[PDB]
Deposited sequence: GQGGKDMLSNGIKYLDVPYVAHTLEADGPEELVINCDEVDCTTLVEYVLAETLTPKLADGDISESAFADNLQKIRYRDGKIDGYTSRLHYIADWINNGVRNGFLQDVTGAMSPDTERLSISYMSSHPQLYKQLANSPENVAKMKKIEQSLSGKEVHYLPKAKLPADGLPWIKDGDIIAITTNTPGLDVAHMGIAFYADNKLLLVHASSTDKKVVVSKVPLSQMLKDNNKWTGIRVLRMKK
């Protein structure tokens, strides 16, 4: 449908934008940061979704949509209000009416969430390493996310040519066997000559690209990547 076409075309607008890590991590209070010229895999998806959700004929409306995507119920309240874990990010979008969990309906396979990476490794995050308060807030979030079943598509069940229930513009969250982490990477689904490719911010290519191999191959090539969750904008 048109929503998917628009998600895809807005993602295509980001081709060649440089990959830069940690663009949201300035010192000081957590505030809404907009850096559309330097992205990572998650900020790319957030900007594309925010733009596509914003009716087009507004900087203020774009920012408001970005805020509702990036923060728990759209309320900015410190580092831990940012939806760092993609399971939580998905739940926020489902609860607040702007995402559908497509794998939730279409894939019979499920995995029990076990989320704890950030509190387990606080040295890796500036806003945790010296903030026992933030670490405690993250542990509470982690414990509430963990133990829930979610649906996913195991990577062996994803063909090169995709599946008919995965559509152009869908948001792809790549599941991972890293202990304590649910999702490792994200991008936007793009069928090119019937192959299901990914539009994504690639750290290796140092920019936003159309994948050279199908999503199925991307998954095969990383032993830690176990499958995908498929989400869809609801507008």
Regions of the deposited sequence not represented in the model:
58-62
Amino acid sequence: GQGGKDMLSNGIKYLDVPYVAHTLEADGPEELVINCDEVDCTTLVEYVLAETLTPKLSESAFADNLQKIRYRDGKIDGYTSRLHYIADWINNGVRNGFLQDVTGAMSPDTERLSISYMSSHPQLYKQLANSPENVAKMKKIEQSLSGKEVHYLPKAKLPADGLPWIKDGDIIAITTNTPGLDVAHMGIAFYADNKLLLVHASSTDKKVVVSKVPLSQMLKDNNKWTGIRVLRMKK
From here on, numbers count along this sequence of modelled residues.
Comparing 82-90 with 104-112, which has the greater mean CA B-factor as deposited?
104-112
Selection by C-alpha B-factor (highest) of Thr175, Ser60, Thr52, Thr42:
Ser60
Residue set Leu99, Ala156, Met118, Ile141, per-entry CA B-factor max assigned to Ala156
Assigned third (lowest, middle, highest) for the C-alpha B factor of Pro18:
highest
CA B-factor placement of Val210, once the chain's modelled residues are sorted into thirds
middle
Mind checking which third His185 falls in for C-alpha B-factor across the chain?
lowest
Quick one: classify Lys68 as lowest, middle or highest third of the chain based on its Cα B-factor.
middle
For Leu32, the third of its chain into which the C-alpha B factor falls:
middle
